[PDB]
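We give structure tokens for two forms of one protein chain below, kept apart as structure 1 and structure 2.
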Structure 1
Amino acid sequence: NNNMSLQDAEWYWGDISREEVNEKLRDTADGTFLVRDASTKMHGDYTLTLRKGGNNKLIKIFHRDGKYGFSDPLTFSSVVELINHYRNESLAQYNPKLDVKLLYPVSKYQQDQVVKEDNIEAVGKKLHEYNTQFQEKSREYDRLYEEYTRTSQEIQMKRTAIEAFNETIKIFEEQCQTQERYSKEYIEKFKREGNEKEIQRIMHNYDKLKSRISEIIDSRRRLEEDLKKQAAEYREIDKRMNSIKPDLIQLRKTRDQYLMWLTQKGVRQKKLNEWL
């Protein structure tokens, strides 16, 4: 009626390592739980993992003299009845600082009615085509990563060049400004004597300096727009990666479900080795 066999239990998951249980309780609501065989592999241990307060609480079930329970008094006939007892009353009884009522079990039957083509050939055929999508899609992401990282280095290299240009410009322009400062007292005396060469030659250096100053600023000016194009192309690569990533998770998650599913229904993975 309620206390059916532990095998025919939605929450009981058998022998799944702790790592698998973590991926199945990750970012789930407070009160999620599932049961599995203790990690030691000894018979009749049945660790209970509960998700309370962001953390994965891990309460152990003791089995002595054909009885089960958390604390010393194992006043319970079987795991199913113990779970159902605490599935209706909060665990504050066992632990005063533990207030959750085993609300959302992680049922293994829910995963069952999401798959299709239960036969042995369609699974391999459908699974084979996902792998083609997975490898081609996965490699697609990896190639973009190379552009994203290679693009990042070029942007940083250009940015440092801009700083160097700024320093160079300030050095050049400051000298020009220093030109007049020093060319204030000698200029009057030079003007008095009608020496065309001194006026022209002084302007000759000054004229050359203006070309250098102007030429340098042009170099920085052009390089900046080159960076902006790189910066723009950089963001675009970021957009593609973000819109590709969830596809990889979705494809890989469904892809592995079938690969794991093939083993469950009495199929040896040697044949799946060549199916790919």
Structure 2
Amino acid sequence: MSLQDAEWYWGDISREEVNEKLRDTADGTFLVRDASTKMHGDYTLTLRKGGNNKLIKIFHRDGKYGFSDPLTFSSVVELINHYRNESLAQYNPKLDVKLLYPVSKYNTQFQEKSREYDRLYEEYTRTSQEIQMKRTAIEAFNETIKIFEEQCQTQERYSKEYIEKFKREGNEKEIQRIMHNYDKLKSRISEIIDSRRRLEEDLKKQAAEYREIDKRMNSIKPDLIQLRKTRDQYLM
């Protein structure tokens, strides 16, 4: 029964390591670390409950350790075991939790993986912009095709009577000019439609590439996370 031999004791540890270790763990996880103030060893326990971590401070007065008055507990380990084997609702019913799981004790890859992560992020953010631009271009082409079609429809609706009168009069050069204009318009429409189809095919290929790139990013990120965790464990 000593502070150093205690498994929950962790010494002077900042919140970053505490909150990194208190992840991917079940409810009811605890560890004890030295108080940040560093005065006559106040110490501090952690208590995860409902996701949130609650920070407990062990008061010490007149050679005696306890959460609060009344002060009737001799050592820190005594109180820690007492509330490990008994619920914390005796004083404050809100906590009403049992200590079950303790925190038990137990290079170019990181830089490389961060490099590909950054390059994939840059490629992704450029590809998203170019995809948006291509989508806008395709929408513009569709809108202008619709506008041309409706203009042709209203032109025919407005000029059908005059066309019929001219063709019934006996004129032929008007028929030839109408045929020429109709052929030119049909060729232009066919060219625009073919261009739109090719652009749609290119957009499909580029969207497939975008999907593959994001899948690569999401597959690679966990490896970088694990490598960073390993490096942090080894160094600090």
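For residue numbers, the reference is structure 1: its sequence is counted from 1. Note that the rigid core is defined as the largest set of C-alphas that superpose within 1.5 Å between two forms.
Summarising the superposition on the core between structure 1 and structure 2, the listed residues 163, 142, 81, 89 contain exactly one with a Cα shift of 2 Å or larger, 142. The Cα position of residue 26 differs by 2 Å or more between structure 1 and structure 2 after fitting on the rigid core.
Taking the core as the reference frame, the CA atom of residue 104 shifts 0.8 angstrom between structure 1 and structure 2.
Core-based superposition between structure 1 and structure 2 puts the Cα shift at residue 154 at 2.0 Å. After superposition on the rigid core, the Cα atom of residue 180 is displaced by 2.1 Å between structure 1 and structure 2.
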